[PDB]
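Coming up are structure 1 and structure 2: the same protein chain in two forms, each one given alone as structure tokens.
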Structure 1
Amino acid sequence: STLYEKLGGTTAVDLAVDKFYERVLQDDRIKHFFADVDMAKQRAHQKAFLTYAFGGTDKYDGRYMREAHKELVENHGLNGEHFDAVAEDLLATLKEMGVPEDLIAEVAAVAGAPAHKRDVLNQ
């Protein structure tokens, strides 16, 4: 039911979040969206993205998502291409960790949920 059950406990979740953070950090498509934020904050974001994706959606109200990403949309040019890149990066990380493909699809449908994409992009 929770993230730690899905992935096999606290080490495993740390592994997932660290790998995801590392991949986004190296991704020239999206790294500039975090340029005005420190490294702990960037990590906390990848944790939040992953947590959401695994189905702790309820922590993140769409109204809060709209507001949280508004400056990205208005000031950094955030668009659907960038959105898809973060989601892609998560799935690549999970695949590298050995996460079963059925779990990967579950999380991909949540991470790329049209309602969430609309909120994040302020559409």
Structure 2
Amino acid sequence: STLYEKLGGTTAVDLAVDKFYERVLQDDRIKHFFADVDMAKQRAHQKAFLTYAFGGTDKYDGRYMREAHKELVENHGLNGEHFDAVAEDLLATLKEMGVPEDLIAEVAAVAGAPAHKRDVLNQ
């Protein structure tokens, strides 16, 4: 079974992403990164992306992480502390949802992988 399946499939990822962005938009460390972002589109992209990242689909139909975040890094100071806040807010959300700690560990490994971090941060 994939991580996506184990989490609860579409409805779990849908709820997690909704809740995650509710948390992010109240998080003073990072909320301003989203000030000019269409959140309906963002929510849809993230549901699709995490579905992919959790093994629910073979491909992500949207931008690569590096291009997606380039303008934040170059113009808005996006750094490692912001990255950790995002990972932390994602894990807090799953925890709140009652996700078992072994699956939170699996998500931690995806969100913290260098192939993710280096591209997001354009490092």
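In this text, the rigid core denotes the largest set of C-alpha atoms whose superposition between the two forms falls within 1.5 Å. Shifts are known only where both forms have a C-alpha. When a residue number appears, read it as a position in the sequence of structure 1, where counting begins at 1.
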Among 107, 99, 13, 113, which is the residue that shifts its C-alpha 2 Å or more between structure 1 and structure 2, core superposed?
-> 13
So, does residue 41 move by 2 Å or more at the CA between structure 1 and structure 2, with the core held fixed?
-> yes
Could you check whether the CA atom of residue 71 moves 2 Å or more between structure 1 and structure 2, using the rigid core for the fit?
-> no
Rigid core fitted, is the C-alpha displacement of residue 57 between structure 1 and structure 2 2 Å or more?
-> yes
Rigid-core overlay between structure 1 and structure 2 puts runs of three or more residues with Cα moved 2 angstroms or more at 1-15, 41-63
